[PDB]
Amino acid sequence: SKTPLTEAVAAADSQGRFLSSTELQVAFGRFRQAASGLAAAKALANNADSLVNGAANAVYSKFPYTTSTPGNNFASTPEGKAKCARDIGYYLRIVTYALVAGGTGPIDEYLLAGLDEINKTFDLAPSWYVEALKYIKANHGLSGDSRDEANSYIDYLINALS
């Protein structure tokens, strides 16, 4: 899936060429970025329960109809609340994978491909996930390159959901 390292090799492979200074520079930028990626992943991981239940609560508060309307797609039963917290958990965990990879690869592969189809078939509102994501962004407390990279993936998903 898409990361600086796999993209550089795919380019060289498709040209039948050895790696050159161009791809070496890609590797340099990857390794400049990676420590803050790993640290961002580590922090989000350690703060998972707070972030997921916080995000869940921000969706339910933004859209109170979701906890009070009967339906398979709604969070009006314990089952539905559990489905929703699970889902938010998936978004967050797969964001950490993007930070680990240094690319959208894990997102594209595990979450984004098929997302529209899923949201449509199960009647899940994109705006619910947008809200959960805005909460994670507002509340992860990351700084510097960690922030910047983590927010690029979060906004990547908000963009994909609108």
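Sequential numbering from 1, following the sequence displayed.
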### Task
Taking the mean of the C-alpha B-factors per stretch from the entry, tell me the winner out of 80-88 and 67-75.
67-75
### Task
Decide which of the stretches 101-109 and 42-50 has the higher mean C-alpha B-factor, going by the entry.
42-50
## Note on the structure
Max C-alpha B-factor within the set 142, 154, 138, 10 falls on 10
## Note on the structure
On the chain's distribution of Cα B-factors, residue 32 falls within the third called highest
### Task
Name the third of the chain's ranked CA B-factors that contains residue 93, choosing lowest, middle or highest.
lowest
### Summary
Chain-relative C-alpha B factor for residue 119 (record values, thirds): the middle
